[PDB]
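Asker: Could you have a look at this structure, given as structure tokens, before my questions?
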Amino acid sequence: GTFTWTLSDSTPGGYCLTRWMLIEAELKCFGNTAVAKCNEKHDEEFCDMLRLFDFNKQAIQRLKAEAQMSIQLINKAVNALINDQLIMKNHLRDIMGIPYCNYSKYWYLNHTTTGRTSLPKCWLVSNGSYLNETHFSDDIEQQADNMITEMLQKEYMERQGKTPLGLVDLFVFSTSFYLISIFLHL
Amino acid sequence: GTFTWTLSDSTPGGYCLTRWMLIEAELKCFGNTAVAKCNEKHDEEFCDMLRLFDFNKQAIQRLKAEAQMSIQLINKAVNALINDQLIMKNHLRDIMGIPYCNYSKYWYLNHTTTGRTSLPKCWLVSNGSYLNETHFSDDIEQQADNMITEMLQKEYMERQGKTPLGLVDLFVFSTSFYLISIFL
Amino acid sequence: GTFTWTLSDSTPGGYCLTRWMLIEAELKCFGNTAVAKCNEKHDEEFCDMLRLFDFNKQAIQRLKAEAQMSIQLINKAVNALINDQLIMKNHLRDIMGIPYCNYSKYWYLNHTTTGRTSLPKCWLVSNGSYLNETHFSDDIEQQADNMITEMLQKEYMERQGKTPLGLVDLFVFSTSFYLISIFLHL
Amino acid sequence: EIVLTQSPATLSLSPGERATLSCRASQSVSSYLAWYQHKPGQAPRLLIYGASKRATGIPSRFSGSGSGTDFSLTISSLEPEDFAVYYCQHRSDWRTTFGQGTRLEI
Amino acid sequence: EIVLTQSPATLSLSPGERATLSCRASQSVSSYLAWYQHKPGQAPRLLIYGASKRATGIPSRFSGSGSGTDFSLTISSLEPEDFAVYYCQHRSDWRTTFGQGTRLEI
Amino acid sequence: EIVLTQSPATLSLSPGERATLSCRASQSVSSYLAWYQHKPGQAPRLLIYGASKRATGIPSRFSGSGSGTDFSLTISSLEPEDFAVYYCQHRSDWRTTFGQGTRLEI
Amino acid sequence: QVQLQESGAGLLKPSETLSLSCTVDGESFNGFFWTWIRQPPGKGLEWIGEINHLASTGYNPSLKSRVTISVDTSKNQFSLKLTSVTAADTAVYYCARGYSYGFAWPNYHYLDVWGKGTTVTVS
Amino acid sequence: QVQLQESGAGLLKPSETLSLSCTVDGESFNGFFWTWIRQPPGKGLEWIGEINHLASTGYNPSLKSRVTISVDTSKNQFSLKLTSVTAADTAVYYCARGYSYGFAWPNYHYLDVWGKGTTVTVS
Amino acid sequence: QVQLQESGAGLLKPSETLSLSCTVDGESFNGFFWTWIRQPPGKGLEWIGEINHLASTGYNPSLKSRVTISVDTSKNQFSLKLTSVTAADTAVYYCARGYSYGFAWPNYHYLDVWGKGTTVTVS
Amino acid sequence: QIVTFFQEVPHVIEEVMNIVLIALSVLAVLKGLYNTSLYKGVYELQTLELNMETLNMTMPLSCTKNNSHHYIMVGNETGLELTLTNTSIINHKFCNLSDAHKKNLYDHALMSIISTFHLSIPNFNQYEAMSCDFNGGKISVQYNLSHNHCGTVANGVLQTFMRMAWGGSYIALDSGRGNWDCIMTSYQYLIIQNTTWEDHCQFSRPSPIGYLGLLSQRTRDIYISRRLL
Amino acid sequence: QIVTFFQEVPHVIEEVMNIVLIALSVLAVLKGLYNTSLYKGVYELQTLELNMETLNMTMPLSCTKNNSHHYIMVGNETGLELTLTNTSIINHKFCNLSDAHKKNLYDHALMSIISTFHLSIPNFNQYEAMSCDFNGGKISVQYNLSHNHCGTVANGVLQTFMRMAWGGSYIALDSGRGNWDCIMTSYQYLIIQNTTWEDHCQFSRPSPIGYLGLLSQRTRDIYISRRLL
Amino acid sequence: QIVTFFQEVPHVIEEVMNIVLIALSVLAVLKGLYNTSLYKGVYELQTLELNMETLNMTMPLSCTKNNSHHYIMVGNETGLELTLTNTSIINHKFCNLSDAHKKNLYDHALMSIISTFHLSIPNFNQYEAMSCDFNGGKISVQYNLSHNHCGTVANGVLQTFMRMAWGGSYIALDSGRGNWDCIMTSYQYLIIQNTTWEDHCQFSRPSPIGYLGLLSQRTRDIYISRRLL
Ligand SMILES: *[C@@H]1O[C@H](CO)[C@@H](O[C@@H]2O[C@H](CO)[C@@H](O[C@@H]3O[C@H](CO[C@H]4O[C@H](CO)[C@@H](O)[C@H](O)[C@@H]4O)[C@@H](O)[C@H](O[C@H]4O[C@H](CO)[C@@H](O)[C@H](O)[C@@H]4O[C@@H]4O[C@H](CO)[C@@H](O)[C@H](O)[C@H]4NC(C)=O)[C@@H]3O)[C@H](O)[C@H]2NC(C)=O)[C@H](O)[C@H]1NC(C)=O
Ligand SMILES: *[C@@H]1O[C@H](CO)[C@@H](O[C@@H]2O[C@H](CO)[C@@H](O)[C@H](O)[C@H]2NC(C)=O)[C@H](O)[C@H]1NC(C)=O
Ligand SMILES: *[C@@H]1O[C@H](CO)[C@@H](O)[C@H](O)[C@H]1NC(C)=O
């Protein structure tokens with residue numbers, strides 16, 4: 001199967017990691033654009049972790065928690081929460097000597113003015129240490145370019161959802177007719 | 001893994017629920033645009049049910065059906081048909097006191113003039129009863145909005161497959177050159 | 001879960017089947033367009049096979065290979081590589097007498113001038129032989145159509161990532177203002 | 001084991017009177033008691049079950065009540081054919097027990 | 001348990017004649033029969049197997065046929081060195097049975 | 001089984017002199033050896049463990065060394081309260097062995 | 001109409017084996033507890049034991065060591081066997097149909113159809 | 001070229017143990033049913049039994065209680081052992097190689113390579 | 001501060017059962033090998049055996065047939081039982097606390113805390 | 001595309017850009033000539049209900065009659081009745097599975113369902129709590145639920161029962177609200193016996209969902225009972 | 001863009017709006033001056049066949065020699081030969097798996113494959129139908145297929161065999177067309193023995209697909225034989 | 001959109017199409033009036049780190065103290081210590097799982113973890129390599145790792161251990177570089193015992209990942225030891 005868990009309501013449509021969920025003690029909120037990626041992508045570690053944390057929060061909130069863990073609950077919910085083949089991807093990368101995600105650390109780009117961010121990506125490890133930023137600066141640049149292009153394309157898609165193609169057709173044809181008329185005048 | 005079963009041919013590319021498939025005892029056909037969502041969504045209860053019904057139909061048609069069920073057949077095909085984690089999602093919602101899908105009932109919007117419809121969504125239950133419409137009205141509103149937007153976007157997408165970008169650029173540049181000329 | 005294995009580097013961002021990987025003797029390289037579909041589709045047999053071959057290559061390269069097979073490795077990696085429900089789809093088609101894929105043979109369209117190709121599709125069998133072309137020419141024609149449309153659409157998408165909709169709106173408004181002005185002059 | 005003690009041991013009443021018979025259970029019952037009427041020469045006859053339901057053909061004067069450890073059977077206006085021995089009866093899982101029986105005489 | 005009856009128990013034929021031998025199984029055979037030649041003093045010699053195939057070193061004049069329950073051995077033109085005792089032989093899973101033997105004499 | 005042989009059997013040295021005591025294993029050791037001092041009338045006293053580490057209260061005069069099969073205990077400038085018997089000791093999994101011991105005498 | 005036909009000899013010597021049978025005529029055999037009760041002279045009713053159509057059984061512990069109850073479902077009958085009878089085993093013996101309701105509170109159980117009853121004496 | 005070399009004493013007394021062995025020279029030892037047959041004086045061929053290289057065996061039921069067939073794949077031999085021999089066991093004993101074909105119809109089985117045969121008189 | 005208080009009679013006749021006990025006072029009972037050592041006159045230290053808090057044991061093979069060692073974790077004690085004592089069992093007997101470090105190289109083991117000892121003579 | 005826009009006019013006036021475009025088109029043309037529940041006005045909310053019964057020939061269908069009685073039907077001829085009850089019908093400790101397999105008289109589909117149910121129970125560790133009778137090819141399985149509530153065979157059995165009879169299962173369940181996902185009921189036994197087909201679904205519609213979902217639970221939470229499984 | 005539009009003129013001339021745009025562009029330019037399988041004509045249908053043999057070092061490869069002989073090869077040295085046959089080679093009822101494990105002489109990959117096969121069989125309930133010999137580290141497993149066909153040992157074994165040697169398995173299979181997915185053949189035995197490597201794949205190409213697909217079938221359809229698995 | 005275009009100018013200025021459009025708009029307007037790590041200038045690279053400890057109430061958390069000591073904590077009270085060591089603490093061959101289940105004194109979550117670990121080991125076939133003590137409800141499990149390295153108990157145990165304490169477990173491992181994925185250590189035993197909660201995670205952060213990933217490994221690679229599972 002495929003994960004199905006939907007994140008609880010939080011960035012009106014985004015999601016917020018609270019102070020306790022992060023090693024540094026402050027709130028961190030991600031907007032609806034990045035979080036929407038979690039609904040459909042299958043190989044993003046941060047999305048699996050968001051689903052895990054949200055499940056922990058909702059289970060604690062909605063069930064009567066006791067000091068004894070009912071291991072049954074997570075044992076039967078895990079595959080609704082995460083892709084265990086992503087864990088397997090990182091295990092296979094580990095044994096092959098390729099940098100892999102150990103799920104602790106993530107990086108993202110944050111626009112200095114508008115505060116909009118990309119979906120956090122796992123900060124890979126090798127030889128027992130986090131990779132130097134110079135090793136994956138190419139991936140970082142790719143994410144920056146993606147942020148720009150996806151923003152512009154979202155702008156286009158929003159316009160397409162509001163302005164009918166027929167109205168543009170009519171505007172263009174009316175302008176062409178007017179140009180033909182002004183040529184007739186001249 | 002992931003479901004792979006492809007719906008049988010039926011709305012040219014859509015899918016029809018026959019009179020026997022429904023409690024309403026009436027034929028219900030759904031169009032290609034709503035149905036094609038089922039190819040790539042993972043969290044739609046109705047698409048899982050469509051695949052189940054189609055597998056039942058094709059199995060009875062192409063195999064020599066007998067009174068004794070071969071539980072082997074469904075036991076090995078089920079994961080090709082449905083997402084068992086969608087069942088788990090509704091089970092977890094149920095035990096958390098959250099309204100959940102029990103797969104009996106679905107709602108959809110139907111354009112009064114054109115007959116085009118959205119993909120049916122599960123009508124949720126809570127505390128032994130279906131939710132009142134006013135409880136999930138926002139979802140319904142959202143669905144309505146989506147249909148409009150999706151329809152509009154569809155037009156753009158199809159235009160983009162028939163008119164190359166370069167012809168648009170050439171027309172734009174020709175108009176601009178003509179305007180520059182008429183200024184002179 | 002869901003497959004996660006990412007193809008190794010090869011068509012800059014594509015993938016090449018080397019001469020050993022094929023029955024006839026020639027290298028066959030596929031472009032980034034076809035290969036990107038492998039990252040997200042769930043029902044393409046050729047993508048599962050690409051992941052299998054790439055995993056074989058990477059394991060042989062990065063692990064000390066020995067003549068004795070470690071069945072444990074493939075046993076734990078298979079679901080990261082392929083969708084076993086796709087194998088099940090073909091098994092179910094076979095027992096129902098529907099034409100099915102046995103994963104040996106694939107067909108694709110190659111543009112005579114530019115050498116661009118569709119993503120290869122399994123060439124189906126039934127009653128012990130491959131189908132004749134004429135039995136699935138419709139699929140072929142659809143593939144042909146897809147290529148053109150997708151190609152055209154891709155150009156638009158690229159443009160949308162570079163030219164802001166604000167600039168299109170500004171150009172349209174300026175042109176309309178100029179047209180109204182030249183009408184005023186007339 | 002759940003045991004049943006009936007009261008009184010013997011009951012002396014005139015025809016047309018109100019007859020009340022009690023049954024005390026050692027602990028809270030696993031199931032509500034049954035009441036049987038036993039006359040010499042013939043098999044016991046089921047009167048009441050579920051502490052308050054009438055067996056088929058049992059006249060309306062026979063009624064019952066009770067819960068927990070205390071149950072009671074009542075004959076509102078008893079007839080001369082109501083003078084017999086009476087037994088309460090309990091069953092826990094695979095274990096059936098009878099009260100000692102209350103004798104009911106004119 | 002499949003048994004084989006060979007007929008006739010004895011044949012009297014002059015050299016150069018045609019010889020036919022019959023083997024009837026008690027039921028449809030699990031396996032097509034084999035025919036052996038057995039001359040006094042030496043081992044039985046495989047002649048025919050699969051009811052029709054010719055073993056190595058067997059002259060082409062030997063032939064066989066049959067199916068189901070009826071199988072037959074034929075010698076087209078018989079030489080003086082073909083006079084022996086002939087056995088049909090069947091095998092079901094882990095059980096080998098022989099016919100009683102037909103003897104060819106001049 | 002890993003066994004230990006201590007050399008010399010007896011060692012005669014003057015007070016204030018350096019003393020070296022050797023233990024030879026029969027195989028490469030499963031664990032580094034321990035050295036105990038034993039005086040008549042009292043329990044053995046742990047001197048060195050891990051071939052080089054001093055136990056609690058052991059003066060820095062006592063030292064150890066060694067690896068593989070060869071191990072040594074050294075007393076730099078021995079005092080009159082050092083003259084006693086010395087045992088090396090090895091343990092493999094659930095098997096403990098001692099050496100015959102070396103007597104250090106004036 | 002349900003009938004329970006009792007059968008078996010009631011005249012026995014001490015240490016003999018009482019052997020009684022009861023045949024069921026009417027309604028189903030499954031879902032009931034076929035029960036043996038006895039009443040000694042000058043005493044109350046005593047549950048001997050009971051048996052199901054699955055031949056699962058329950059016994060009075062004061063008799064458990066010396067009692068057996070069996071069923072023959074093919075002829076809808078059930079039997080009681082009491083070994084090494086003594087003077088304390090003289091009684092009237094009844095076979096009865098018992099029904100237990102355990103599906104909802106309050107649970108109940110009763111014996112609705114009774115056999116005629118066989119006088120059994122030993123001396 | 002395949003040959004079957006037979007050995008074992010053929011002269012025995014009643015109630016003794018007939019013990020014969022046969023060594024295979026040529027071709028494989030696996031895939032064949034190594035078979036013991038006998039011919040009594042005046043009678044036809046009689047199947048005693050057969051064995052595999054896996055020590056799986058089949059026996060003629062009339063002799064089953066007295067017959068043991070064994071193998072030694074290391075030196076490619078197989079042995080017959082018949083206990084408590086009476087006058088009915090006087091016969092010529094053949095060791096033979098059997099081949100069974102059961103992979104397609106019509107199935108067949110034969111005994112292609114035969115041993116010389118050992119005369120066995122018990123008296 | 002850890003003490004090993006030892007108890008048990010040291011005076012015995014041949015073929016009797018030596019029965020010694022040792023109580024631990026201080027620190028934990030888990031994570032140690034409670035060990036019995038002996039020194040017969042004219043000889044060196046000899047390992048009798050050892051036991052954990054899980055009652056897993058190891059014995060010197062020259063005595064394994066006659067030695068039993070046991071633990072009582074309730075009162076933090078461990079016991080030695082030797083049977084069929086002969087003159088070879090005259091010795092001073094020690095209970096000691098062993099510690100084994102096997103988590104990193106070099107592994108080591110020692111006997112750091114010892115009991116006073118008991119003189120066990122048989123005659 | 002023009003006619004589609006003329007049809008979808010009402011939802012595009014609110015956008016100012018469309019008003020500007022329409023005004024510009026009109027000006028250009030003029031200059032050239034000179035030289036029961038309803039949403040967004042048109043979308044009716046309609047519903048459908050699936051007849052799961054039509055799947056009977058290829059998959060089991062579970063439904064609840066009432067608090068105590070539930071069913072999993074297999075085809076139109078046979079099924080299993082699952083009853084929560086205080087009245088036990090088996091009073092021995094046997095479950096002679098190997099002999100039943102050897103005799104091979106039961107319905108294979110029903111044995112498969114029994115196996116799936118039993119293998120889906122989490123942390124089952126009291127074999128004494130399960131009794132059976134398979135004589136004559138019948139299926140009779142009795143789980144003794146008598147007794148923290150989370151670590152009890154009753155909890156694991158009820159979790160499995162809730163999933164297998166999903167829909168209508170709640171009326172008998174959650175009577176004692178437990179910690180985490182744990183269930184407690186007032187019943188002392190869960191009994192599973194084979195039965196003939198009958199329309200029992202008074203409380204909830206027949207559905208295959210519970211069974212299909214429980215297939216992936218098999219063996220997920222079994223304990224090890226020996227070193228070599 | 002524009003050059004690419006020129007390159008695809010045949011596919012875009014047919015559209016009316018493309019023609020209108022071209023005409024408008026041409027008019028505006030003028031006025032500014034005044035002031036063997038082929039598809040769509042260009043797409044050749046081409047084919048490729050994968051050499052699955054190159055995978056031999058990391059996964060088993062199945063192929064079919066003929067109706068009766070099929071193989072699963074593990075690397076370039078060893079494998080298993082699966083024969084459908086009327087000639088059994090084991091005539092006892094033992095399958096001494098425990099002693100085979102204790103001795104630890106067999107090939108571990110081959111034991112893994114045998115385990116996957118046996119655990120994938122649906123509803124196996126006749127332990128006497130399976131006989132084995134593992135002496136000396138060899139693998140020899142014989143399933144007895146002797147006899148509705150759907151609820152038999154032969155059906156379950158054949159289903160597993162078909163999947164394990166998928167591709168070329170069918171030529172001995174489906175001869176007796178059964179109800180639902182059920183298989184029937186005329187063979188009385190299926191025999192699996194270890195063997196050395198050889199190019200046997202006369203009928204079908206080597207392929208890892210059957211084995212990989214069977215991996216998820218393991219234990220899916222086993223019966224319970226005891227209460228504590 | 002206009003304002004957005006104005007604020008995103010530098011990234012689009014480089015495109016000649018955007019410059020052309022800007023120049024055209026400006027000309028049209030004029031003619032009408034006549035009648036610490038930075039990326040792409042604006043993006044700062046920031047990081048977050050997840051506090052997995054907050055999950056402790058609903059899922060196990062593994063971490064590594066040092067080369068020899070690793071832990072899987074369940075809640076804030078209990079857990080399992082996994083120690084690679086040369087010092088064995090069990091010197092017998094029993095693993096009395098049946099009696100442990102019958103007595104039912106152990107922590108159910110801890111027994112679940114033990115079961116998952118043991119069932120996840122590939123090709124376990126030497127039952128004498130596993131010894132246990134469960135008396136009093138305690139959990140003590142000892143794997144003998146003593147001895148190609150691929151087909152050994154030591155390798156299978158170590159692979160399972162590497163996954164169970166993934167993150168921090170590698171420092172104990174990869175010491176003998178084996179063929180394919182096979183592991184070898186100098187340690188003779190792996191010991192698992194219940195412990196009380198303590199902050200042990202000096203070497204790697206607590207993490208549920210290894211355990212969650214190991215859930216899907218259960219039973220994937222076990223051997224059959226009997227015909228009827
Ligand atoms: C998902 O969640 C939803 C919401 O909780 C749940 O919906 C419930 O579904 C159940 C099961 O279908 C519904 O119960 C049905 O109710 C019907 C109406 O009952 C009322 O009205 C009748 C009079 O018409 C009254 O007598 C009664 O007291 C109620 O007030 C009723 O039609 C159904 O019962 C008939 O059908 C079943 C199923 O075939 C059959 O077993 C019954 O016997 C009965 O059939 C007829 O019975 C009569 C009398 O015996 C007989 O003479 C006749 O021949 C029979 N046949 C016919 C053809 O008439 C049934 O009880 C319930 O209302 C729904 N709840 C809500 C809140 O809407 C879904 O089931 C859930 N899905 C899943 C998968 O769990
Ligand atoms: C449960 O199943 C058993 C056997 O699988 C059924 O008993 C058989 O019923 C058939 C159908 O009438 C009879 O032909 C057989 O003689 C019965 N076999 C026996 C009694 O051994 C039984 O009826 C089923 N139970 C229910 C309640 O349906
Ligand atoms: C089967 O395996 C055994 C055990 O290693 C080997 O010795 C034997 O030769 C193999 N047999 C064949 C036919 O390959």
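Convention: chains lettered A, B, ... in structure tokens order; per-chain residue numbering from 1; ligands numbered from 1 as shown.
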For region 53-66 of chain K, please output as a PyMOL selection string all residues within 6 Å (counting only C-alpha atoms; exclusion window: fewer than 2 positions along the same chain).
Answerer: (chain C and resi 69) or (chain K and resi 51+68-75+165+168+200-208)
Asker: Run DSSP on the backbone and tell me which residues of chain F come out as strand (DSSP E or B); list them as a PyMOL selection string.
Answerer: chain F and resi 4-7+10-12+19-25+32+34-38+45-49+53-54+62-67+70-75+85-92+95-98+102-105
Asker: Counting only C-alpha atoms and all ligand atoms, which protein, DNA or RNA residues come within 10 Å of ligand 3, given as a list in words?
Answerer: residues 30 of chain H; 77, 78, 79, 80, 81, 105, 106, 107, 110, 134, 135, 136, 137, 138, 139, 140, 193, 194, 195, 196 and 197 of chain K
Asker: Please identify the helix (DSSP H, G or I) residues within region 84-176 of chain B (assignment by DSSP from backbone atoms) and present them as a ChimeraX atom specification.
Answerer: /B:84-95,133-135,137-162,165-176
Asker: Sort by chain and increasing residue number a table of all residues of chain B within 10 Å of chain L, each with its closest pair of atoms and their distance in Å to one decimal, counting only C-alpha atoms, and write it as a tab-separated table.
Answerer:
residue	atom	partner	partner_atom	distance
B:169	CA	L:17	CA	9.7
B:173	CA	L:24	CA	9.7
B:176	CA	L:24	CA	7.5
B:177	CA	L:24	CA	9.7
B:179	CA	L:28	CA	8.5
B:180	CA	L:28	CA	8.5
B:183	CA	L:31	CA	7.5
Asker: Please save C-alpha atoms of the selected residues as a PDB file, in the first residue's frame.
Answerer:
ATOM      1  CA  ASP B 169       5.809  34.065 -30.001  1.00  0.00           C
ATOM      2  CA  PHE B 173       6.326  39.665 -32.366  1.00  0.00           C
ATOM      3  CA  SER B 176       4.504  44.319 -32.037  1.00  0.00           C
ATOM      4  CA  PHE B 177       6.380  45.033 -35.278  1.00  0.00           C
ATOM      5  CA  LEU B 179       2.391  48.467 -34.011  1.00  0.00           C
ATOM      6  CA  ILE B 180       5.889  49.951 -34.265  1.00  0.00           C
ATOM      7  CA  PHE B 183       3.443  54.522 -34.984  1.00  0.00           C
TER       8      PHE B 183
END
Asker: Could you please determine the separation between CA of residue 159 (chain K) and CA of residue 79 (chain B) in Å, to one decimal place?
Answerer: 18.0 Å
Asker: Just the residues within 8 Å of residue 34 (chain G), please, counting only C-alpha atoms, with nothing from its chain fewer than 3 positions along; format it as a PyMOL selection string.
Answerer: chain G and resi 50-52+78+95-98
Asker: Which residues are near residue 143 (chain B)? Cut-off 9 Å, only C-alpha atoms, ignore same chain within fewer than 3 positions. Put them as an MDAnalysis selection string.
Answerer: chainID B and resid 108:109 118 138:140 146:148
Asker: Please report as a Markdown table every residue of chain C lying within 10 Å of chain L, along with the nearest atom pair and their distance in Å (one decimal), using only C-alpha atoms.
Answerer:
| residue | atom | partner | partner_atom | distance |
| --- | --- | --- | --- | --- |
| C:1 | CA | L:216 | CA | 9.6 |
| C:59 | CA | L:180 | CA | 7.8 |
| C:60 | CA | L:180 | CA | 8.3 |
| C:62 | CA | L:180 | CA | 8.9 |
| C:63 | CA | L:180 | CA | 5.2 |
| C:64 | CA | L:179 | CA | 5.3 |
| C:65 | CA | L:180 | CA | 5.6 |
| C:66 | CA | L:179 | CA | 6.3 |
| C:67 | CA | L:179 | CA | 9.6 |
| C:68 | CA | L:179 | CA | 8.9 |
| C:69 | CA | L:180 | CA | 8.2 |
| C:70 | CA | L:180 | CA | 6.7 |
| C:71 | CA | L:221 | CA | 9.3 |
| C:72 | CA | L:122 | CA | 6.7 |
| C:73 | CA | L:181 | CA | 6.8 |
| C:75 | CA | L:221 | CA | 7.5 |
| C:76 | CA | L:217 | CA | 7.5 |
| C:159 | CA | L:17 | CA | 9.5 |
| C:161 | CA | L:12 | CA | 9.5 |
| C:162 | CA | L:12 | CA | 6.3 |
| C:163 | CA | L:18 | CA | 6.1 |
| C:164 | CA | L:5 | CA | 5.9 |
| C:165 | CA | L:1 | CA | 6.1 |
| C:166 | CA | L:2 | CA | 4.1 |
| C:167 | CA | L:5 | CA | 6.3 |
| C:168 | CA | L:21 | CA | 7.7 |
| C:169 | CA | L:2 | CA | 7.1 |
| C:170 | CA | L:25 | CA | 6.6 |
| C:171 | CA | L:25 | CA | 4.8 |
| C:172 | CA | L:25 | CA | 8.0 |
| C:173 | CA | L:25 | CA | 8.1 |
| C:174 | CA | L:25 | CA | 5.2 |
| C:175 | CA | L:28 | CA | 5.8 |
| C:176 | CA | L:28 | CA | 8.7 |
| C:177 | CA | L:32 | CA | 6.2 |
| C:178 | CA | L:32 | CA | 4.4 |
| C:179 | CA | L:32 | CA | 7.6 |
| C:180 | CA | L:32 | CA | 7.8 |
| C:181 | CA | L:32 | CA | 5.1 |
| C:182 | CA | L:35 | CA | 6.9 |
| C:183 | CA | L:35 | CA | 9.4 |
| C:184 | CA | L:35 | CA | 7.5 |
| C:185 | CA | L:35 | CA | 6.2 |
| C:186 | CA | L:35 | CA | 10.0 |
Asker: Write out as a list in words which residues come within 8 Å of region 6-19 of chain H when counting only C-alpha atoms, dropping same-chain ones fewer than 6 positions away.
Answerer: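 That gives residues 79, 80, 81, 82, 83, 84, 85, 86, 87, 95, 115, 116, 117, 118, 119, 120, 121, 122 and 123 of chain H.
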Asker: If we count only C-alpha atoms, which residues of chain L reach to within 6 Å of chain I? Please list them as a ChimeraX atom specification.
Answerer: /L:68,85-87,90-91
Asker: What's the 10 Å shell around residue 5 (chain A), counting only C-alpha atoms, without same-chain residues fewer than 2 positions away, as a PyMOL selection string?
Answerer: (chain A and resi 2-3+7-8+39+48+51-52+54-55+77-82) or (chain B and resi 43+85-86+88-90+92-93)
Asker: CA of residue 52 (chain L) to CA of residue 105 (chain A): how many Å, to one decimal?
Answerer: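 Interatomic distance here is 11.1 Å.
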Asker: Pick out the residues sitting within 12 Å of residue 110 (chain H), and hand them over as a VMD selection string; count only C-alpha atoms, and ignore anything fewer than 3 positions along from it in its own chain.
Answerer: (chain E and resid 31 to 36 44 to 51 53 to 55 87 to 92 96 to 98) or (chain H and resid 32 to 35 96 to 102 107 113 to 114)
Asker: Residues of chain J were defined as contacting chain K if any atom lay at most 10 Å from it, counting only C-alpha atoms; please report them as an NGL selection string.
Answerer: :J and (58 or 95-104 or 107-109 or 111-116 or 118-119 or 123-131 or 215-216 or 218-219 or 222-226 or 228-229)
Asker: For CA of residue 116 (chain C) and CA of residue 132 (chain C), quote the distance in Å rounded to one decimal.
Answerer: 24.3 Å
